[PDB]
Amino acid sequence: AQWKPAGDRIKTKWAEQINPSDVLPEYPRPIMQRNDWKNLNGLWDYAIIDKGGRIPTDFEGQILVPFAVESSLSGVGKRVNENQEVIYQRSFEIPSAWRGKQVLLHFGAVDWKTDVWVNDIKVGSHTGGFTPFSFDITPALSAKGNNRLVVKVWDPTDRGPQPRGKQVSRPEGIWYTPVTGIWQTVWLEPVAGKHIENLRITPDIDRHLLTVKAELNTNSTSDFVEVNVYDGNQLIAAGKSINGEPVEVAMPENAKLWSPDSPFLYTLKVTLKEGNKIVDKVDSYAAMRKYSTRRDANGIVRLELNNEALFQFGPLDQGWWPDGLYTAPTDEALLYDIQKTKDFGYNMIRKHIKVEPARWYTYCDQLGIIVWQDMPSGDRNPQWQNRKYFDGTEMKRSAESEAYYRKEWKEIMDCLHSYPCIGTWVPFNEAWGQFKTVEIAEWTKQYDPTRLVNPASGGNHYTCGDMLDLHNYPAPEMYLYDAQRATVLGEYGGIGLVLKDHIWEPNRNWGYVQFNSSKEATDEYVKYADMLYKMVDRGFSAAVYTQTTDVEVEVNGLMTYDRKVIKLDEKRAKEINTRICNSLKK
């Protein structure tokens, strides 16, 4: 059967541009680039089986990878419960030019538990629906050709304690449609026997230093790594190292620092050598930027970018699409939300309990958007004491649930470490699965000192981390203040507006405050923003407005769920949002 978008829900303009022969063709890993790769997106054979059932060899339907089974653009649009498993199967060829090289199989993200076979040979497994993973499949490849790839996915959604974000089995209110299966690009990559697996890039503008650690799959004493840094196409600095040492690149003192108003990116060329012969080399980019906090001349702790106080103001971006759920239909659509955030005068985005594909963060690096990265929530909740420092009963996770949280949080910080845009880690949000807050905040800060730590966005509040985060709806309000840290407003606004022919369901829509016209909503937004501007001088050092787009029945975004309508006046919002981003400028 011919592939068709499933369901009768609203769809973006990119839904009718989807070509099942060329689905999401852009390079999946701009932070470490090799020239050769093969995209495995497209139409795979799929099957939904009972958990523990036979993996079938004859399939009746097809799914469009990488769109989740519940999504419209998958061409399937079915539900998978905690007692079912999804089976992807496709054939693939290895290019003849790749002969003799190691072949890596890459997954951007699969929710939740993945088991992969190549020609009936198990090549690897993975748990965690937000992090990328790879397997070396060269021993399993066939000399004849027609390699068979089988992926077995399990996802209990909210019936299990794993990180899931807004995914629930019964969507209502603030909770959305579950996301199961392959939802990021799958691709093959040829590499040498010894190759760079990851680039750990860390800047230090105070020491005029750029550190690049090339993590290899295997090490030898004669290994040699060389890093070349380019301003445009002019080489401005270089570094070499052996013995697995991180490459310290001495940067020029007049280096161009990265910021939202001037997001300059240097270009990196990293080379690996066994002795004096080149075995591997990759392309990358880097930015000289610094995140910190410092008490200003008025006694208030501010968030600082490049040793200068900067008020961070941005929308809450949950990253949902009506046709692709977690997956943006095209690369132009993925970029669209970020560009509209710049067009609204913001300098920040809070990616809410979700991790995006690698291309999204690179776009924030290129466009100049500071990113607050949440840790996707899950499991049960303690009591939410949202307006005072927590004194209630601490919730105890099972040893298994705690292990999953710690494991996936480390993997998220690991795979997102080299991105300049990320400035703040947010381990918890509104007591969702919150546990051992002080211990996790200290571990997060100790693991990556270059970023700020938001211990719990909106509670539960503990005297730890780098900032106190208050939520309040609808208007901004400073009901709690930590003079020892920065005090921010991690969620406010939520002005709702129901624009028919552009909503997910005909009724039960809601906002924190509701109006019947775009003008009335823009007036209420400017009113809230005017209050927020006067509060910067009184204690608030950052703020997050809810939200970027409408999501399902929550119609309180700057754009409709299908992105076809901008709900608030852009020129009026840009005028005051710009004033707030420059509120601390000298």
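In this text, residue numbers run from 1 along the sequence as written.
Chemist: Read off the CA B-factors in the entry, average them over 384 to 392 and over 437 to 445, and name the higher stretch.
Modeler: The entry gives the higher C-alpha B-factor average to 384 to 392.
Chemist: Between 427 to 435 and 72 to 80, which has the higher average C-alpha B-factor in the PDB entry?
Modeler: Looking at the recorded C-alpha B-factors, 72 to 80 comes out higher on average.
Chemist: Which one, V513, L310, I242, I338, has the peak C-alpha temperature factor per the PDB entry?
Modeler: That would be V513.
Chemist: Whose CA atom has the top B-factor in the entry, of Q184, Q167, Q102, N146?
Modeler: That would be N146, according to the entry.
Chemist: Select lowest, middle or highest to describe the third in which the CA B-factor of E26 falls within its chain in this entry.
Modeler: Lowest third.
Chemist: Which third, lowest, middle or highest, does the CA B-factor of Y525 fall in along this chain?
Modeler: Tercile = middle for this residue's CA B-factor.
Chemist: How does the C-alpha B factor of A486 compare with the rest of the chain: lowest, middle or highest third?
Modeler: As the PDB entry reports it, the C-alpha B-factor of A486 lands in the lowest third of its chain.
Chemist: For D45, return the chain-relative third of its C-alpha B-factor as stated in the PDB record: lowest, middle or highest.
Modeler: According to the entry, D45 has a C-alpha B-factor in the chain's middle third.
Chemist: Ranked by Cα temperature factor within the chain, is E332 in the lowest third, the middle third or the highest third?
Modeler: According to the entry, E332 has a C-alpha B-factor in the chain's highest third.
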